[PDB]
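# Give the three-dimensional model of this entry:
(chains A and B)
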Amino acid sequence: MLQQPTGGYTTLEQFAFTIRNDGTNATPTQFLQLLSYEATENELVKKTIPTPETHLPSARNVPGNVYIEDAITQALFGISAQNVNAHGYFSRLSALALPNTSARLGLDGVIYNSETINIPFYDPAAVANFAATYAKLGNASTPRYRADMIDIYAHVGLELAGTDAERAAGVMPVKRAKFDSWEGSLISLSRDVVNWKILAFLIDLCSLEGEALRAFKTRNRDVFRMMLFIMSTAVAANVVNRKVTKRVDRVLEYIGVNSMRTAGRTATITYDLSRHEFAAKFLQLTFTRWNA
Amino acid sequence: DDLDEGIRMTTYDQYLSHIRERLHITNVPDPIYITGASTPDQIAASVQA
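Residues are numbered from 1 along each chain as shown, chains lettered A, B, ... in the order given. Let me share the structure:
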């Protein structure tokens, strides 16, 4: 068992989140610094996010050790994932929800049915707090429990593009992101992000409380913003490049507006409808924890 | 101190693989963790229980 520090698991160097950039392992914050936003005439106002459902989907009798982190990260940032709600192994997180369950969530991002040797795993209390919320990804497809997949993106914009005044206001102009760019920059970004061990982030996010939580929320704001960025590019209506005197600025229109697009494109990862419903759910839960 | 003498210790995987299930079926509390702030009397209580 991995001990959880007074800070999160994210304080451990083992769980550093870092996109590749200019040939180096850049922190998400030093990528987001490259970003710049042109305003447009449209306005985003953030509606209250509906409380996530009480229901925890059944962890069906599964003999296998589900690879959950891979399923989640590929469902959110995966270049090729589709029909993510067909298998429905996300429900498996609710095996971890129970008090004194035999099941362990390994650092590998796998949900072992029982504790097993030479596989380090997160502290079960932490995982229980984490599962009590994120098992609800397992009902992202069921019609009764689906998240709104349009309004939620406003929050995304505010949490990404939004200046501190726009965030305090709860309302920002719809923006148009841009940054100096290398070829395939968003594909490479998203793949650097799929490799992130985000269960560390989500687990500290659900387990930590008090100042120790708030100290986490500032420290990892940029990380959450990078995840939000990859999703944003996934749902952006269009993603052009601009020549700018022997330099190129990648430009996505628009931050905070889900275009509901599903036809694939070379520039960025694409959501099938299932990935849209899933991502909407994920945002519902995660933003719910993020604002409390 | 002689080679048999000293402070005995073992890896957790050895613990899990062998002694732990025997602790389970013998109906005893799971032996206490030692924070290092722990009293020797507490260790005595655990070895007792």
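# can we go C-alpha only for contacts and neighbour counts from here?
Will do.
# burial count for residue A:37?
For residue A:37, the count of nearby residues is 18 (other C-alpha atoms under 10 Å in any protein chain shown).
# what's the helix or strand for it?
strand A:36-45 (DSSP states H and E).
# Could you pull out the buried residues of that strand?
Buried positions in strand A:36-45, judged by neighbour count with 16 or more other C-alpha atoms under 10 Å in any protein chain shown: A:37, A:44-45.
# ok, now stretch A:132-149?
Neighbour counts over stretch A:132-149 (16+ other C-alpha under 10 Å) mark A:132-141, A:145-149 as buried.
# buried set for stretch A:250-270?
The neighbour-count check on stretch A:250-270 (16+ other C-alpha under 10 Å) flags A:250-261, A:267-270 as buried.
# Chain B: which of the buried residues of stretch A:132-149 is nearest?
Distance from chain B was checked for each of these by C-alpha to the nearest C-alpha. The minimum falls on residue A:132, at 25.4 Å.
# Now do the same contact list for the closest one.
A:56, A:94, A:97 (C-alpha atoms under 8 Å, 6 or more residues apart in numbering or on different chains).
# related to what we said a few turns ago, out of the buried residues of stretch A:250-270, the closest to chain B would be?
Of the buried residues of stretch A:250-270, the one sitting nearest to chain B (C-alpha to the nearest C-alpha) turns out to be residue A:269, at 41.3 Å.
# Pull up the gap between that closest one and residue A:230, please.
Per C-alpha to C-alpha, to the nearest Å, residue A:269 is found 8 Å from residue A:230.
# Residue A:113 too?
For residue A:113 relative to residue A:230 (C-alpha to C-alpha), the value is 32 Å.
# Now distance to chain B too, for the buried residues of strand A:36-45, in CSV please.
Shown next, in CSV, are those (distance: C-alpha to the nearest C-alpha, whole Å):
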residue, distance to chain B
A:37, 51
A:44, 51
A:45, 50
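# With the flanking residues excluded, which residue is spatially nearest to the residue in the stretch 1-150 of chain A positioned nearest to chain B?
Per C-alpha to the nearest C-alpha, residue A:117 is where the stretch 1-150 of chain A lies closest to chain B, at 5.1 Å. Distances taken as C-alpha to C-alpha, 6 or more residues apart in numbering or on different chains put residue B:13 closest to residue A:117, at 5.1 Å, once the chain neighbours are dropped.
# secondary structure element for the one you found?
According to DSSP H and E, residue B:13 maps onto helix B:12-14.
# Just list what that helix packs against, helices and strands only.
Using 3 or more C-alpha pairs under 8 Å, 6 or more residues apart in numbering or on different chains; DSSP states H and E as the contact test, no helix or strand touches helix B:12-14.
# And the contacts of it?
With C-alpha under 8 Å, 6+ apart as the test, helix B:12-14 has contacts from A:117-118.
# what's downstream of it, the next helix or strand?
Next helix or strand after helix B:12-14 toward the C-terminus (DSSP H and E): helix B:20-25.
# what sits up against the helix or strand just after that next one?
For helix B:20-25, the following helix or strand on the C-terminal side (DSSP H and E) is helix B:40-48. With C-alpha under 8 Å, 6+ apart as the test, helix B:40-48 has contacts from B:31-32, B:34.
# Quick one: neighbours of residue A:55, just the number.
A count of nearby residues for residue A:55, using other C-alpha under 10 Å, gives 13.
# picking that back up, so residue A:113 and residue A:230 - more neighbours on which side?
Using other C-alpha under 10 Å, the more surrounded residue of residue A:113 and residue A:230 is residue A:230, with 23 against 19.
# So that one, which state does it fall into?
With DSSP: H, G, I helix; E, B strand; the rest coil as the basis, the three-state label of residue A:230 is helix.
# My understanding was that it contacts residue A:79; is that so?
No - counting by C-alpha atoms under 8 Å, residue A:230 does not reach residue A:79; the two are 10.7 Å apart.
# wait, residue A:129 sits on residue A:97?
Yes - counting by C-alpha under 8 Å, residue A:97 is a contact partner of residue A:129 at 7.2 Å.
# So if I had to pick from these two, which one is more boxed in?
Taking other C-alpha under 10 Å, residue A:129 and residue A:97 do not tie; residue A:97 has more neighbours (24 against 20).
# Helix, strand, or coil at the more buried one?
With three-state DSSP as the basis, residue A:97 sits in coil.
# got the contact list for it?
A:127-132, A:135.
# Show the contacting residues for the nearest residue to it once chain neighbours are set aside.
Nearest residue to residue A:97, sequence neighbours excluded (C-alpha to C-alpha, 6+ apart): residue A:128, at 4.6 Å. Listed by C-alpha under 8 Å, 6+ apart, the contact set of residue A:128 reads A:96-99.
# At the contact with chain A, which residues of chain B appear?
Those residues of chain B that sit near chain A, judged by C-alpha under 8 Å from any C-alpha of the partner chain, are B:13, B:16-17.
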